[PDB]
Structure formats: C-alpha cells, structure tokens
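I have placed the structure first, in the form of structure tokens, so that the comments after it can refer back to it.
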Amino acid sequence: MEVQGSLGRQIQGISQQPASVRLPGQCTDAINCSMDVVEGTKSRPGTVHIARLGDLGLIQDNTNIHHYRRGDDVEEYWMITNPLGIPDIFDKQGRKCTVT
Amino acid sequence: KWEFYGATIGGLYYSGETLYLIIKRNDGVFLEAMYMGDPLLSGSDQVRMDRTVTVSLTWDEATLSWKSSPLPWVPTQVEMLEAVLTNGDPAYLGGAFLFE
Amino acid sequence: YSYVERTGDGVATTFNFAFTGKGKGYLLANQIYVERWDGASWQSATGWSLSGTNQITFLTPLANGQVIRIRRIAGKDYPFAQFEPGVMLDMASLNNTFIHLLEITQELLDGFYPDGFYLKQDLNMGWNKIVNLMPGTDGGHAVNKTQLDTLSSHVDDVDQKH
C-alpha cells in the first residue's frame with residue numbers, strides 16, 4: 001500500500017492496558033520525563049545539593065519526618081524522630097537546631 | 001516514574017517555589033532541592049543533572065592542566081557523572097568537557 | 001626538520017633548539033629526547049633537563065669536541081586524542097591531532113626509524129647508487145668499492161710478484 005501515519009503528541013501518561021484500542025498516544029513506558037502540555041516530553045528537572053544532614057542511621061523505615069512552614073517563606077523546619085529518642089530539628093540550610 | 005541509583009527517599013516536601021528532597025545516598029543523607037519550575041538562571045540551555053555543586057577551576061602550570069576545588073560528596077558511580085562549564089570562554093560557554 | 005644537530009663543547013651548559021611547526025613544536029615534554037655520540041655509536045644522554053618551553057641546560061659543561069642531537073619522538077601506536085559521545089570538541093585536541101599525524105610523517109622524512117625494523121621484501125634500486133658506506137664487519141654486511149679496491153690491489157701485488 002505504501003502508507004504513513006502519525007502518533008501525535010505523547011502527553012497522556014503510561015498505560016498498562018493492552019495496545020488493542022488503548023488510547024491515541026500513551027507512551028507505554030516513561031522514566032524521568034517532565035511531561036507537560038506545551039513542552040511535550042522533556043527530562044525531569046535536576047536536583048541541587050544544599051547541605052548534608054548526617055550518617056546513614058538518621059532515616060529508617062519507621063522514622064517520622066515532619067515538615068512545617070512559618071512566616072513569609074523564611075522559616076522551614078524538618079523534624080526527624082528515630083525510634084526510642086527525642087526528635088531532631090533541622091533548618092532550611094541544614095544547620096542543626098539545639099533542642100532542650 | 002523517576003529513578004535514582006542506590007537512593008532511599010525519606011519523603012517529598014513540596015514547599016512553595018521549591019521541592020525539598022531528603023535522600024539516603026551511599027556516603028550519607030543529604031537534603032536536595034529541585035527547581036522543578038526549570039528557571040534558566042544562566043547559559044543557553046538548562047542543566048539536567050542529579051545533585052549540583054558549583055566548583056571553581058584554576059590553571060596549574062605544574063602539569064599544564066586545570067584543577068578544581070575538592071568535591072564535597074562521594075559520587076555513587078565515577079563513570080556516570082560529567083562536568084558542565086558555566087563561566088569561561090564565550091565560545092565554550094554552557095558545554096560539557098572531558099576530565100580526569 | 002625534527003632533529004637538530006648541536007655541537008656545544010666547553011664551558012657552555014645550555015643549548016637552544018628550534019623545531020619545525022607551531023610554537024614550541026612538540027606535543028608534550030616527554031617527546032624531547034637527547035642523543036650523544038661517543039665517536040662510535042649513538043646512545044641516550046644523561047643529566048639533561050628541560051629548562052623551559054625551549055632550550056635545555058646540562059648540569060655540567062660538555063667535553064671539548066662533544067656532539068649531541070635533539071630529536072622529537074612521538075607515540076606511533078595510538079592517536080593523540082580519542083573522542084567520546086556527549087563531550088565537547090576543543091581546538092587544542094583537534095589541531096594537535098593533525099599536528100601529531102603530520103609530525104609522525106615528518107619523522108620518517110628525516111630517516112628516523114624505530115628499533116626492531118627490518119624489511120620483509122626485497123627493494124628495487126631502480127638504477128641508482130649507494131654512497132658513503134664503511135667496509136663491512138660480518139659476512140652478512142654489505143661491501144663498498146674500498147674493499148674491492150684493496151682486494152684488487154692485493155691481487156695486483158701478488159701478480160707482480162708472480
């Protein structure tokens with residue numbers, strides 16, 4: 001026949017449904033894709049290293065991490081609670097905060 | 001989906017203009033922030049890079065090569081990373097380069 | 001071209017050399033190599049050092065009548081610069097690769113050859129000459145007419161006695 005066709009814009013999200021009548025445009029597998037209407041399918045934005053917290057033992061599968069914000073985008077604190085211990089508090093820049 | 005090599009995510013905390021990540025890397029737990037609004041701070045194109053630190057390059061006449069400030073963290077994979085220039089010759093601006 | 005014949009003897013400890021090419025004319029410091037001739041054969045020099053981008057200085061003055069040569073040897077098995085995906089091309093490596101490839105060709109133009117070099121097939125002279133060859137030492141060596149002249153003269157001497 002000698003035919004050509006198009007898949008259109010790939011902004012719908014991955015689909016585990018079989019290809020037989022799945023949807024027009026699905027991208028069966030997508031990894032690290034900031035997938036937006038105008039930009040189509042870019043790569044995910046990068047990460048910025050700001051500070052180090054500590055050693056590997058700080059976070060466990062049972063560890064609570066609580067976040068709260070105060071004021072006009074100046075105060076942000078992360079509270080980390082390891083099992084059988086008092087909570088630990090970190091600031092925006094990762095500096096430890098004294099707890100009494 | 002998004003992926004990271006050998007990383008355990010304590011939790012995601014979307015705070016205003018930024019997304020703060022707490023991660024358990026191989027050499028310790030760091031706090032990483034994502035500028036997922038992809039602002040073009042400088043250069044022709046954005047940078048897609050997992051964990052970013054700004055280093056300084058100084059000439060060295062002992063071996064006729066450029067030397068960099070010590071890297072604050074231990075990389076997961078030596079071959080995986082690459083370096084991107086951000087301030088230098090006008091022609092070479094915003095381009096990666098080979099290194100040892 | 002690549003080699004420079006220098007005869008510096010007495011008091012003087014430093015010598016200056018110029019090479020064909022761009023700037024200092026060599027890719028790296030290790031390319032420069034020094035040879036000293038003891039009156040019989042050439043051998044590697046000792047005590048020399050690279051003073052700067054050009055010209056070298058010896059630790060002691062050379063003995064009277066000493067002759068040395070400054071040569072440029074470069075790696076022949078490997079290309080100077082190898083390129084990788086997702087890296088940037090710089091003008092240093094691009095120009096040097098042509099310079100290196102031009103440099104190695106020039107070395108053969110000066111008659112320099114590596115050790116363990118022997119021809120596999122016979123070469124045709126094409127009706128030309130051989131010049132300035134010493135008389136041979138072992139039976140496998142070649143011969144100049146000087147040996148033939150001496151043998152002919154020795155033959156004549158006995159013939160006169162005959």
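Going by the structure tokens order, chains are called A, B, ..., each with residues numbered from 1, while ligands are numbered from 1 in the order shown.
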Distance query residue 50 of chain B at most 9 Å, only C-alpha atoms, self and fewer than 6 positions along chain excluded, as a ChimeraX atom specification: /A:45-49 /B:4,81
Using only C-alpha atoms, find the residues of chain B whose closest atom to chain C is at most 10 Å away, then write them as a PyMOL selection string. chain B and resi 64+82-84+92+95-99
Take atom CA of residue 74 of chain C and atom CA of residue 49 of chain C and report the distance between them in Å, one decimal.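 Result for atom CA of residue 74 of chain C versus atom CA of residue 49 of chain C: 18.2 Å, one decimal.
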Given only C-alpha atoms as the basis, pick out the residue of C:27, C:108, C:11, C:130 nearest to residue 93 of chain C.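 Going through C:27, C:108, C:11, C:130 one by one, the smallest distance to residue 93 of chain C is for C:27.
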Excluding segment 22-38 of chain A and any residue of its chain fewer than 5 positions from it, enumerate the residues within 8 Å of it, using only C-alpha atoms, and give them as number ranges by chain. A: 7-17, 43-45; B: 1-3
Generate the output file for the selected residues, C-alpha atoms, as an mmCIF file, in the first residue's frame.
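Ended up saving to again-v6.cif:
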data_model
loop_
_atom_site.group_PDB
_atom_site.id
_atom_site.type_symbol
_atom_site.label_atom_id
_atom_site.label_comp_id
_atom_site.auth_asym_id
_atom_site.auth_seq_id
_atom_site.Cartn_x
_atom_site.Cartn_y
_atom_site.Cartn_z
ATOM 1 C CA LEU A 7 1.229 9.111 16.739
ATOM 2 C CA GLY A 8 0.577 12.723 17.738
ATOM 3 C CA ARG A 9 1.778 14.399 20.901
ATOM 4 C CA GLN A 10 2.817 11.967 23.635
ATOM 5 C CA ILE A 11 1.178 13.592 26.656
ATOM 6 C CA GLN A 12 -1.219 11.114 28.245
ATOM 7 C CA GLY A 13 0.801 9.073 30.774
ATOM 8 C CA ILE A 14 1.891 5.453 30.755
ATOM 9 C CA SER A 15 -0.785 2.792 30.287
ATOM 10 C CA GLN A 16 -0.671 -0.858 31.330
ATOM 11 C CA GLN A 17 -3.700 -1.537 29.128
ATOM 12 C CA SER A 43 13.548 15.353 31.010
ATOM 13 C CA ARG A 44 12.886 15.781 34.708
ATOM 14 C CA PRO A 45 14.408 18.881 36.338
ATOM 15 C CA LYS B 1 8.226 7.269 37.110
ATOM 16 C CA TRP B 2 11.517 8.779 38.262
ATOM 17 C CA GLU B 3 14.631 6.876 39.315
#
Got a sec to pull out which chain B residues are within 6 Å of chain A, counting only C-alpha atoms, and send them as a PDB file with N, CA, C and O atoms, in the first residue's frame?
ATOM      1  N   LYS B   1       7.367   7.630  35.993  1.00  0.00           N
ATOM      2  CA  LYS B   1       8.226   7.269  37.110  1.00  0.00           C
ATOM      3  C   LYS B   1       9.561   7.990  37.009  1.00  0.00           C
ATOM      4  O   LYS B   1      10.022   8.327  35.915  1.00  0.00           O
ATOM      5  N   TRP B   2      10.176   8.225  38.166  1.00  0.00           N
ATOM      6  CA  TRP B   2      11.517   8.779  38.262  1.00  0.00           C
ATOM      7  C   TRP B   2      12.402   7.809  39.033  1.00  0.00           C
ATOM      8  O   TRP B   2      11.917   7.037  39.867  1.00  0.00           O
ATOM      9  N   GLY B  28      26.063   9.093  52.778  1.00  0.00           N
ATOM     10  CA  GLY B  28      25.381   9.864  53.797  1.00  0.00           C
ATOM     11  C   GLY B  28      24.032  10.383  53.352  1.00  0.00           C
ATOM     12  O   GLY B  28      23.638  10.201  52.196  1.00  0.00           O
ATOM     13  N   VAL B  29      23.313  11.032  54.262  1.00  0.00           N
ATOM     14  CA  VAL B  29      21.992  11.579  53.983  1.00  0.00           C
ATOM     15  C   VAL B  29      22.132  13.065  53.695  1.00  0.00           C
ATOM     16  O   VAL B  29      22.679  13.818  54.512  1.00  0.00           O
ATOM     17  N   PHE B  30      21.638  13.491  52.536  1.00  0.00           N
ATOM     18  CA  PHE B  30      21.714  14.877  52.111  1.00  0.00           C
ATOM     19  C   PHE B  30      20.314  15.428  51.887  1.00  0.00           C
ATOM     20  O   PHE B  30      19.349  14.681  51.701  1.00  0.00           O
ATOM     21  N   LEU B  31      20.216  16.751  51.907  1.00  0.00           N
ATOM     22  CA  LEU B  31      18.990  17.458  51.564  1.00  0.00           C
ATOM     23  C   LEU B  31      19.150  18.052  50.173  1.00  0.00           C
ATOM     24  O   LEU B  31      20.068  18.843  49.933  1.00  0.00           O
ATOM     25  N   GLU B  32      18.266  17.664  49.260  1.00  0.00           N
ATOM     26  CA  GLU B  32      18.340  18.107  47.877  1.00  0.00           C
ATOM     27  C   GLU B  32      17.054  18.827  47.502  1.00  0.00           C
ATOM     28  O   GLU B  32      15.952  18.367  47.807  1.00  0.00           O
ATOM     29  N   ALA B  33      17.212  19.966  46.833  1.00  0.00           N
ATOM     30  CA  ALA B  33      16.093  20.799  46.418  1.00  0.00           C
ATOM     31  C   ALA B  33      15.995  20.776  44.902  1.00  0.00           C
ATOM     32  O   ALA B  33      17.012  20.877  44.208  1.00  0.00           O
ATOM     33  N   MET B  34      14.775  20.645  44.391  1.00  0.00           N
ATOM     34  CA  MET B  34      14.517  20.600  42.959  1.00  0.00           C
ATOM     35  C   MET B  34      13.852  21.898  42.534  1.00  0.00           C
ATOM     36  O   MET B  34      12.785  22.254  43.047  1.00  0.00           O
ATOM     37  N   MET B  36      11.965  22.590  40.129  1.00  0.00           N
ATOM     38  CA  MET B  36      11.146  21.940  39.114  1.00  0.00           C
ATOM     39  C   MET B  36      10.303  22.919  38.306  1.00  0.00           C
ATOM     40  O   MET B  36       9.503  22.478  37.473  1.00  0.00           O
ATOM     41  N   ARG B  48      20.415  19.509  33.149  1.00  0.00           N
ATOM     42  CA  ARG B  48      19.752  18.315  33.659  1.00  0.00           C
ATOM     43  C   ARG B  48      20.812  17.489  34.375  1.00  0.00           C
ATOM     44  O   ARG B  48      21.667  16.874  33.730  1.00  0.00           O
ATOM     45  N   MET B  49      20.758  17.480  35.703  1.00  0.00           N
ATOM     46  CA  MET B  49      21.872  16.958  36.479  1.00  0.00           C
ATOM     47  C   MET B  49      21.360  16.551  37.851  1.00  0.00           C
ATOM     48  O   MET B  49      20.643  17.322  38.495  1.00  0.00           O
ATOM     49  N   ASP B  50      21.731  15.356  38.300  1.00  0.00           N
ATOM     50  CA  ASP B  50      21.339  14.868  39.618  1.00  0.00           C
ATOM     51  C   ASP B  50      22.390  15.315  40.626  1.00  0.00           C
ATOM     52  O   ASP B  50      23.555  14.918  40.531  1.00  0.00           O
ATOM     53  N   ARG B  51      21.970  16.141  41.589  1.00  0.00           N
ATOM     54  CA  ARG B  51      22.846  16.767  42.578  1.00  0.00           C
ATOM     55  C   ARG B  51      23.810  17.731  41.896  1.00  0.00           C
ATOM     56  O   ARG B  51      24.571  17.334  41.012  1.00  0.00           O
ATOM     57  N   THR B  52      23.793  18.999  42.297  1.00  0.00           N
ATOM     58  CA  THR B  52      24.618  20.005  41.649  1.00  0.00           C
ATOM     59  C   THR B  52      25.383  20.800  42.694  1.00  0.00           C
ATOM     60  O   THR B  52      24.815  21.233  43.700  1.00  0.00           O
TER      61      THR B  52
END
What's around residue 78 of chain C at 12 Å? Count only C-alpha atoms, leave out sequence neighbours fewer than 6 positions away in its own chain, and write the answer as a PyMOL selection string. chain C and resi 97+100-101+104
Any chance you can output those residues with N, CA and C atoms as a PDB file, in the first residue's frame?
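And here is the file that came out, result-v7.pdb:
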ATOM      1  N   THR C  97      45.816  16.811  16.819  1.00  0.00           N
ATOM      2  CA  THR C  97      45.706  15.519  16.150  1.00  0.00           C
ATOM      3  C   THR C  97      46.242  15.594  14.726  1.00  0.00           C
ATOM      4  N   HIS C 100      49.984  16.027  15.237  1.00  0.00           N
ATOM      5  CA  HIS C 100      50.612  14.748  15.556  1.00  0.00           C
ATOM      6  C   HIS C 100      50.740  13.878  14.312  1.00  0.00           C
ATOM      7  N   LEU C 101      49.664  13.775  13.531  1.00  0.00           N
ATOM      8  CA  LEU C 101      49.698  12.958  12.325  1.00  0.00           C
ATOM      9  C   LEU C 101      50.668  13.531  11.301  1.00  0.00           C
ATOM     10  N   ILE C 104      54.394  12.687  12.809  1.00  0.00           N
ATOM     11  CA  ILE C 104      54.920  11.333  12.663  1.00  0.00           C
ATOM     12  C   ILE C 104      55.388  11.092  11.232  1.00  0.00           C
TER      13      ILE C 104
END
Could you please write out, as a count of residues only, every residue of chain A that DSSP assigns to strand (DSSP E)? 29
Two-atom distance - atom CA of residue 123 of chain C, atom CA of residue 139 of chain C (Å):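 A separation of 20.3 Å between them.
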Env of residue 10 of chain C: 7 Å cut, atoms = only C-alpha atoms, seq-sep filter 5 positions within chain, self excluded. Answer as a PDB file with N, CA and C atoms, in the first residue's frame.
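Resulting contents of selection-v9.pdb:
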ATOM      1  N   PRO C  61      79.314  21.308  31.981  1.00  0.00           N
ATOM      2  CA  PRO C  61      79.729  21.643  30.615  1.00  0.00           C
ATOM      3  C   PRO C  61      80.139  20.397  29.846  1.00  0.00           C
ATOM      4  N   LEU C  62      79.798  20.373  28.562  1.00  0.00           N
ATOM      5  CA  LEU C  62      80.158  19.244  27.719  1.00  0.00           C
ATOM      6  C   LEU C  62      81.650  19.264  27.414  1.00  0.00           C
ATOM      7  N   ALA C  63      82.234  18.075  27.296  1.00  0.00           N
ATOM      8  CA  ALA C  63      83.651  17.964  26.990  1.00  0.00           C
ATOM      9  C   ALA C  63      83.939  18.516  25.597  1.00  0.00           C
ATOM     10  N   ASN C  64      85.183  18.950  25.402  1.00  0.00           N
ATOM     11  CA  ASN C  64      85.585  19.543  24.134  1.00  0.00           C
ATOM     12  C   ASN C  64      85.384  18.552  22.992  1.00  0.00           C
TER      13      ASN C  64
END
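One finds atom CA of residue 77 of chain A at 12.4 Å from atom CA of residue 98 of chain A.
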